[PDB]
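Just below is one structure, and these are the notes that go with it.
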RNA sequence: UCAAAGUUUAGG
RNA sequence: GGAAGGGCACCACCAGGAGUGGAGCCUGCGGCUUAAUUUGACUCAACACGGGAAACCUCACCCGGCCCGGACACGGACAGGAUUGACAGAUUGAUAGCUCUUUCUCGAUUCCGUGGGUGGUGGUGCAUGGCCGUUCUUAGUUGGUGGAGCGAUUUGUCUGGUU
RNA sequence: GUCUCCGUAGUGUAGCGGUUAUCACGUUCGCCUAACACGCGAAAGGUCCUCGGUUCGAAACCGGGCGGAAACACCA
Ligand SMILES: Nc1ncnc2c1ncn2[C@@H]1O[C@H](COP(=O)(O)OP(=O)(O)O)[C@@H](O)[C@H]1O
Ligand code: SF4
Ligand code: SF4
Ligand SMILES: [Zn+2]
């Protein structure tokens, strides 16, 4: 029980400079099947992970090093919460938020950590591997996400995020430290927090 | 029905009726001159022979 | 000679192909096969009863064609006085074909290799499943059969069960009824017993080797009392012979009555050798893809071009591949081109108009590529290695890589 | 006023 | 039915004859052989049978070649003559104008589709008809009405004698 | 190793120095039968294991070759 995941790094993948390459090196496409699709024009070199073998020929060939084929357990295919595009990142779960209980996320970055927080914040809709809210709640039943998402979708819960990049905030807001806290007062708890 | 390569078909003929055919010339408008020689019993100008086109008579001056 | 054998094999391969295509009416054909030990009189008796029973076939067309077919084979068998070695394979009938040409046919031949298969059949078509099944499995295995009584050596094609050599020995007793001499006689007994293993190992080098490289793709020891174990692991046993020891069989009985017991036990392991050689080769092919290297090829567009040029060293092929070599021809200008096409690109294809001149470019009939590879790999680079889709590495090679590839003589660049 | 005499396409 | 009563036939026997089987050849068939050795029929009821004694023809078989005898229509093809039919000489087996170079010609024939025919000693006698042969050369076979049986059936069409 | 014996048409065996090498089966060919079987009538087939010797003459008698098969191998 194992399956491949095709990935293309869109920052590096330029179809125009390299020509095709992947197509010319693929034993699926040299046979003659729709495994890899690029054309001279059109951005992002598409792959099907179904038709792909997982031989790692195309990854070695691509001149920028745009591609990657990593294997995942076939157990996880059932449990997708978010995959943004084909040949892209594929999150499989969300944490299980509890009310009045500080949720501790821990694990290395680039493993769907920001996507999870954005989904829980309610910016992103769980596309759930499709790429719809009753269908999403039904997917997340018997679990605290349906409790969490119901709450989100009628009672508009206020999504606020302490950001990762702290050095980007100074070049946006202006004035004194005391002035900004006075402007954002809702609780009126300046002093005790200070 | 395996037809052999070197034997092949044998194409039948194709005629060439090269427009209207001429056997006469105009001498002094009124009179006429005859080009080709005629049957005794237009017999053609074969490269050496003189072959008929009906009664199958033939001639050649040596 | 070796070349004359290969021509005789190809002759029979061609003949076999023409007989499977034959086709005929009801059950007018005969497929008959005779093993080498068999008597012809017994076969001629069998046909005489089959002739008698055929006399009461109700339908006309079938009946009269059968009887005449049975009479022909009876007369062919009168010419031989014995069934030759390698058996006999008699193929009678009255085949239908183009031009409405219901023609009588008879092909008796002693085949190359010995055949251990009997078969009587009548049918609408001929049945060469025995012959083609033989032609695939040329793989010989050896059988050394040790016993305290005496040894035996023999070989084993997919069908045929041979005896090469055997001897019997006057071995000593187990015990010595003196106290002092017990030990000396026991050493003496063990030295006689070792000399016997040596002789068997020597005779085994005599028989199974050929030009300092053994003919048998394997070798089996079969015995009891840990006597095969004495031979197998001994330094006496030559390592070129020892490295092909696949089974050490435990058998009741000894000699030729133990032989066929040893074969029955050794079946799965002797079948698996082809599967193991497949894995080893495609495993060697796949390592070049796993690394950078670049001493590989794949696809008829590439693999053939590689073979044409700076040639391959090994040319891996899947049996089933179905890709075929057509010869396209022009009506007027007499221009031609050959291409290697897939099952859908060969069956119907509007590509083949001449275009430049402006005519219909007729695709004159094919032959299909596994056969083409075999025809002239000798005039290229060679080692045409047929593989199956059974192994995990083979399955990838068939399903993924299109069942065609090769291990090259050096690094090669490719473009487009 | 008692010898021996077995068998019978898969091919409709 | 290697059950029993009767009664019969030289395609049964008896008593005999003439024989065939043995020899040579004539001829039919099966096989092998071949380019092809065309084929049908294999117990009586296949095999001096097909009326079958083939030099040619017959003739299907084989290997070579010409010819259309391709109706009629619908059309296309209609004349810058559609495109039937031609001594050479090379070739050819041929004195087949079959083909290549050339003649010139019926002059409304043609060529191409399609529909569609036509022909067929091609296949199927297990698709049939007719015609023969055989069971079967013996004495056998049938319904109406009546009677017997639920009925299939039987009775009539029979113990006996006689032919 | 010893001593012993046996190597005969396809199979199993006879064979008293002068034989067409005996018998049975098997084989082919007729017939019988619708066919087969049985049955009837015919036919063909031996390197007499191998070589050398003795002999007027050897399948045999004698020698050695190559095979095959029994009995012995005990007292410590
Ligand atoms: N809007 C987008 N469209 C296409 N690709 C994206 C987008 N956002 C992110 N990606 C790709 O997905 C990868 C991981 O992003 P993401 O999953 O958001 O980060 P994290 O794993 O930290 O949550 C990036 O390398 C990027 O190339
Ligand atoms: S991985 Fe090997 S197979 Fe799958 S696409 Fe890239 S190349 Fe073709
Ligand atoms: S993948 Fe690397 S190579 Fe294939 S197209 Fe996109 S960029 Fe060019
Ligand atoms: Zn004239």
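Chains as they are written, first to last, in my numbering: chain A, 1 to 194; chain B, 195 to 256; chain C, 257 to 672.
Beta carbons: idealized from backbone N, C-alpha and C, even for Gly.
Could you confirm whether any beta carbon from chain C is found closer than 8 Å to the beta carbon of residue i?
{"i": "residue 193 of chain A", "result": "no"}
{"i": "residue 24 of chain A", "result": "yes"}
{"i": "residue 18 of chain A", "result": "no"}
Find the residues of chain A that neighbour residue i, judging by a C-beta separation of less than 7 Å, and give them in chain order.
{"i": "residue 554 of chain C", "result": "27 and 30"}
Does any residue of chain A have a CB that is nearer than 8 Å to the CB of residue i?
{"i": "residue 557 of chain C", "result": "yes"}
{"i": "residue 663 of chain C", "result": "no"}
{"i": "residue 672 of chain C", "result": "yes"}
Below 9 Å on C-beta distance, what does residue i contact in chain A?
{"i": "residue 548 of chain C", "result": "60"}
{"i": "residue 545 of chain C", "result": "27, 55, 56 and 57"}
Which chain C residues sit within Cβ distance under 7 Å of residue i?
{"i": "residue 53 of chain A", "result": "652 and 656"}
Determine the chain A residues that contact residue i at a beta-carbon separation under 8 Å, and present them in chain order.
{"i": "residue 598 of chain C", "result": "32"}
Of all the options the options, which has the alpha carbon lying nearest to the alpha carbon of residue i?
{"i": "residue 28 of chain A", "options": "C:320, C:597, C:464 and C:659", "result": "C:659"}
{"i": "residue 126 of chain A", "options": "A:99, A:91 and A:72", "result": "A:91"}
{"i": "residue 331 of chain C", "options": "C:421, C:301, C:526 and C:311", "result": "C:301"}
{"i": "residue 421 of chain C", "options": "C:515, C:258 and C:434", "result": "C:515"}
{"i": "residue 598 of chain C", "options": "A:2, A:31, A:106 and A:23", "result": "A:31"}
{"i": "residue 561 of chain C", "options": "C:617, C:668 and C:486", "result": "C:668"}
{"i": "residue 635 of chain C", "options": "C:569, C:590 and C:343", "result": "C:569"}
{"i": "residue 506 of chain C", "options": "C:346, C:482, C:488 and C:526", "result": "C:482"}
{"i": "residue 274 of chain C", "options": "C:326, C:351, C:327 and C:638", "result": "C:351"}
{"i": "residue 38 of chain A", "options": "A:95, A:16, A:77 and A:176", "result": "A:16"}
{"i": "residue 36 of chain A", "options": "A:10, A:63, A:9 and A:87", "result": "A:87"}
{"i": "residue 353 of chain C", "options": "C:381, C:327 and C:405", "result": "C:381"}
{"i": "residue 1 of chain A", "options": "A:48, A:58 and A:72", "result": "A:72"}
Are the CB atoms of residue j and residue i within a distance shorter than 8 Å?
{"i": "residue 609 of chain C", "j": "residue 601 of chain C", "result": "no"}
{"i": "residue 595 of chain C", "j": "residue 511 of chain C", "result": "no"}
{"i": "residue 396 of chain C", "j": "residue 473 of chain C", "result": "yes"}
{"i": "residue 454 of chain C", "j": "residue 470 of chain C", "result": "no"}
{"i": "residue 411 of chain C", "j": "residue 399 of chain C", "result": "yes"}
{"i": "residue 517 of chain C", "j": "residue 509 of chain C", "result": "yes"}
{"i": "residue 348 of chain C", "j": "residue 286 of chain C", "result": "yes"}
{"i": "residue 363 of chain C", "j": "residue 540 of chain C", "result": "no"}
{"i": "residue 149 of chain A", "j": "residue 157 of chain A", "result": "no"}
{"i": "residue 50 of chain A", "j": "residue 129 of chain A", "result": "no"}
{"i": "residue 531 of chain C", "j": "residue 657 of chain C", "result": "no"}
Ligand 5 heavy atoms versus the CB of residue i: any closer than 7 Å?
{"i": "residue 254 of chain B", "result": "Of the ligands one can find in the structure shown, namely ligand 1, ligand 2, ligand 3 and ligand 4, none is ligand 5."}
Going along the chain, which unbroken runs of the beta strand (DSSP E) with 3 or more residues stay wholly within the stretch 561-595 of chain C?
568-574 and 580-585
What runs of the beta strand (DSSP E), each 3 residues or longer, lie entirely inside the stretch 423-463 of chain C?
none
If we require 4 or more residues per run, which alpha helix (DSSP H) segments fall completely within the stretch 615-659 of chain C?
626-632 and 648-655
What alpha helix (DSSP H) runs, 4 residues minimum, are completely inside the stretch 283-340 of chain C?
296-310 and 316-335
Runs of alpha helix (DSSP H) lying entirely within the stretch 343-390 of chain C, each at least 4 residues, in chain order
none
Could you tell me which uninterrupted beta strand (DSSP E) segments, each at least 3 residues in length, are contained entirely in the stretch 479-538 of chain C, listed from first to last along the chain?
503-506
Complete runs of the beta strand (DSSP E) confined to the stretch 35-112 of chain A [at least 3 residues]:
67-73
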